[PDB]
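Student: mind folding the following:
(3 chains, ligands or ions: 8)
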Amino acid sequence: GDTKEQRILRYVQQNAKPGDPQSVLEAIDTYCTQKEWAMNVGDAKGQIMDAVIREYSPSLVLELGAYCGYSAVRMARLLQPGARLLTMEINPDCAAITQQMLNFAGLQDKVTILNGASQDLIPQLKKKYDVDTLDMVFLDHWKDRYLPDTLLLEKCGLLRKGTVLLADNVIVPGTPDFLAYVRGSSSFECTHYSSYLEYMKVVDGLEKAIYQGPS
Amino acid sequence: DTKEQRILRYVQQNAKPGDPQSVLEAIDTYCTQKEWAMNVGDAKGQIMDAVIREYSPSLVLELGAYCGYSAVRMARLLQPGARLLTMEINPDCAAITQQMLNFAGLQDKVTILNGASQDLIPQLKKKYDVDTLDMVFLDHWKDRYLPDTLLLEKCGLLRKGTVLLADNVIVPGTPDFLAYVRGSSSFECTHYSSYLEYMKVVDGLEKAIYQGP
Amino acid sequence: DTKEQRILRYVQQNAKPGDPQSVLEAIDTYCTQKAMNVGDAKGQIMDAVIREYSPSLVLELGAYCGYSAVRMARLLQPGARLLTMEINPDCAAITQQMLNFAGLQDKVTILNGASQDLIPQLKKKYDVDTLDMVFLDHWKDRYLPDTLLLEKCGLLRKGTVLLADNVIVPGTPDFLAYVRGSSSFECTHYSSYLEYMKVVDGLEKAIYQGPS
Ligand SMILES: Cc1nc(C)c(-c2cc(CN)[nH]n2)s1
Ligand SMILES: Cc1nc(C)c(-c2cc(CN)[nH]n2)s1
Ligand SMILES: Cc1nc(C)c(-c2cc(CN)[nH]n2)s1
Ligand code: NA
Ligand code: NA
Ligand code: NA
Ligand code: NA
Ligand code: NA
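Tutor: Numbering: from 1, shown residues only, chains lettered A, B, ... in the order given. Ligands and ions are numbered 1, 2, ... in the order given. Coordinates below:
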């Protein structure tokens, strides 16, 4: 059977307008709605991401986690000429799909896709990919890695004063260590944008509990 | 209008006044159409029905009313003399629930309390003449299942044999509540699996701007 | 990062590759950390049913994280197929990875979609005559409709075993009334208590007797 990401890409290729990032994003949205698949990042979170990018005009963005490439298209389409997105993806098939999604969108020249784990690639950014400091980091990979990778980014000298970290899913499934750390630290000035997450077609459950009397 | 007011209007325009089954079927029909709407679970409703028929509670506490589907579904199975108390924090939802019960003809069995569970629970004995509760349906804010259960205990509102039924203990999940009642010798627990077509929860994005050391 | 995706990461970092037993034990270990041993309660019944009937073609409705697929596939005789329907695409992907790590991928075909869409395609698209066993473990609202649909499509024969999971209260009274009331099914109920006084899991076995 075809992967979830392959099917999304195929719908884009058959329905979106080539070279039109907005058309690509709408076709992903339309397909996920039709299939009743929950979106990793939809338009609600996407509008928050757009607003941050437009406010800070980052020239170099690091993205942790690519999925089918929706978020990469969402951010890359707003980058100025000369600006650059680096996307880390641990799954080689998602990395290939993201590359092909960006190609269809006409955004291939703005994005470099790195296949591997964040903690293996981050220490290579300076020498292997000629990075000085990052202007913005979008964290959307394994939730238990947000704080370690933030500390790793700091230890590697990849953060400058004014680097924007934008972290998805900090409430659900949640990154409570990351939040407590950056909010408590004087090294980070923190703003939280409330939104929503959707679940579709998941196992749930009920509990019956019969009180036995005080014990 | 609000999404719950539209469900109420659909009931009032299509269901038979005085017929709880008709009201329940109309809500089900309307929610299935509307893609924004939480669908009603068949097996979940049957679990609720079976729990009420098995224990025949004379006094039920419901935490979280929403639009009144569950209040109609439970109150329709209460024996004469039994009552349901429903706590709902949203005033428009409390009003719609009252109108749903009025249309179903069930309003004499139910008392709707508009407010927060941890404010209202301590008032039950003195203000609403409660001795102990026979059954509690937990369906409100998931992070409140555990503290409100502990509060129901502390207030002396549970007796031996009181049945707690908690929904959504896996998604979004109430792991601390489950750890408590399963690990406590004060509760005998049974788990029922279920399936959710759709659920929307609060999430957020954090913007953290590095300042330097 | 999802609740099921972390089970897969825990298996990958703890179980022995190609060994279905250690994969099951890794999942059982993981799920018991955070509490009831449903894997054992449910899996003990599944094992006994599979070993009694030695099915050559099993249809599994619902996969979740792949535990049940690894559980049944590890017991299948050489040349036996498991077809697994899972509507959630993330759970389908996890189950495939779970089966890959256990070394059972060649016994199983994962179909990602809804049972009412997929069941009518089994004969044409997946070269199915009739099924030897069906494991109902998906949406309880679909237990009865899919049982009727499997009949209508001609996918059951005399002796086909249906086994329905988590029938306790029951939340599926219409399904039970149908198979128990019908002379076309001989029925057995299993209640697993493990060492406790409450039912950890309950299952209905319904054996098709033929059209009537
Ligand atoms: C340690 C990790 N590094 C990366 C890039 C990860 C990741 C997570 C996802 C989403 N499935 N894509 N990439 S996890
Ligand atoms: C602290 C709270 N008390 C109550 C009654 C709450 C509630 C939750 C819902 C469902 N949205 N209705 N009422 S939250
Ligand atoms: C109509 C449906 N078809 C299928 C395969 C469903 C399902 C439910 C679950 C829960 N694990 N998995 N697949 S619902
Ligand atoms: Na995300
Ligand atoms: Na701070
Ligand atoms: Na709906
Ligand atoms: Na207990
Ligand atoms: Na029968």
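Student: adjacent strands (with direction) for the lengthiest strand in chain A?
Tutor: Scanning chain A for the longest strand, with DSSP state E as the assignment, gives strand A:188-211. Applying DSSP bridges, strand A:188-211 is found paired with strand B:158-166 (antiparallel), strand B:187-210 (antiparallel).
Student: that one vs ligand 5: in contact?
Tutor: Yes. Judged by C-beta under 5 Å from the ion, strand A:188-211 and ligand 5 are in contact via residue A:188. C-betas here are computed from N, CA, C, even on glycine.
Student: that strand near ligand 3 at all?
Tutor: Yes. Using C-beta under 6 Å from any ligand atom, we find that strand A:188-211 touches ligand 3 at residue A:203.
Student: show the contacting residues for the residue sitting nearest the centre point of chain A.
Tutor: For chain A, residue A:140 is the residue whose C-alpha lies nearest the centre (C-alpha atoms, centre = their mean; 4.0 Å). If you count contacts by C-beta atoms under 8 Å, 6 or more residues apart in numbering or on different chains, residue A:140 has them with A:40, A:41, A:63, A:64, A:65, A:67, A:71, A:167, A:168, A:169.
Student: ok, the fifth one - how many residues close by?
Tutor: Spelled out, that is residue A:65. Residues lying near residue A:65 (other C-beta atoms under 10 Å in any protein chain shown) number 23.
Student: distance check, the residue nearest to it when sequence neighbours are not counted against residue A:185.
Tutor: Spatial nearest neighbour of residue A:65, chain neighbours left out: residue A:141 (3.6 Å); criterion: C-beta to C-beta, 6 or more residues apart in numbering or on different chains. Here the criterion is C-beta to C-beta, to the nearest Å. By it, residue A:141 lies 21 Å from residue A:185.
Student: could you find the closest non-adjacent residue to residue A:138?
Tutor: That would be residue A:63: by C-beta to C-beta, 6+ apart, it lies 4.6 Å from residue A:138.
Student: who does the one you found bridge with?
Tutor: In beta-bridge terms (that is, DSSP bridges), residue A:63 pairs with residue A:87, residue A:138.
Student: how about the contacts made by it?
Tutor: A:71, A:72, A:75, A:85, A:86, A:87, A:88, A:137, A:138, A:140 are the contacts of residue A:63 under C-beta under 8 Å, 6+ apart.
Student: with residue A:186 instead?
Tutor: residue B:211.
Student: what's the answer for residue A:69, then?
Tutor: Counting by C-beta under 8 Å, 6+ apart, residue A:69 has contacts A:9, A:97, A:98, A:99, A:100, A:101, A:102.
Student: likewise residue A:49?
Tutor: By C-beta under 8 Å, 6+ apart, the contact set of residue A:49 is A:41, A:71, A:74, A:75, A:138, A:166, B:205.
Student: measure it to ligand 4 for me?
Tutor: 11 Å (C-beta to the ion, to the nearest Å).
Student: try residue A:140
Tutor: For residue A:140 relative to ligand 4 (C-beta to the ion), the value is 4 Å.
Student: ok, now residue A:135?
Tutor: Residue A:135 is 21 Å from ligand 4, where distance means C-beta to the ion.
Student: count the residues that sit near the residue lying closest to that residue once chain neighbours are set aside.
Tutor: What sits nearest to residue A:135 in space, not counting adjacent residues and going by C-beta to C-beta, 6+ apart, is residue A:58, at 3.5 Å. Using other C-beta under 10 Å, residue A:58 has 25 other residues around it.
Student: again with residue A:19
Tutor: What residue A:19 shows, counting by other C-beta under 10 Å, is a neighbour count of 12.
Student: for residue A:56, same thing?
Tutor: 17.
Student: which residues touch the closest residue to it other than its chain neighbours?
Tutor: Nearest-residue entry for residue A:56: residue A:164, 5.3 Å, with adjacent residues in sequence omitted and distances by C-beta to C-beta, 6+ apart. Neighbour list for residue A:164: A:52, A:56, A:58, A:135, A:136, A:137, B:207, B:208, B:209 [criterion: C-beta under 8 Å, 6+ apart].
Student: which parts of chain A sit against ligand 1?
Tutor: A:64-67, A:88-91, A:117-119, A:141-142, A:145.
Student: for the residue of chain A found nearest ligand 3, which non-adjacent residue is closest in space?
Tutor: Closest residue of chain A to ligand 3, C-beta to the nearest ligand atom: residue A:203 (5.0 Å). Closest residue in space to residue A:203, ignoring its immediate chain neighbours: residue C:64 at 5.6 Å, by C-beta to C-beta, 6+ apart.
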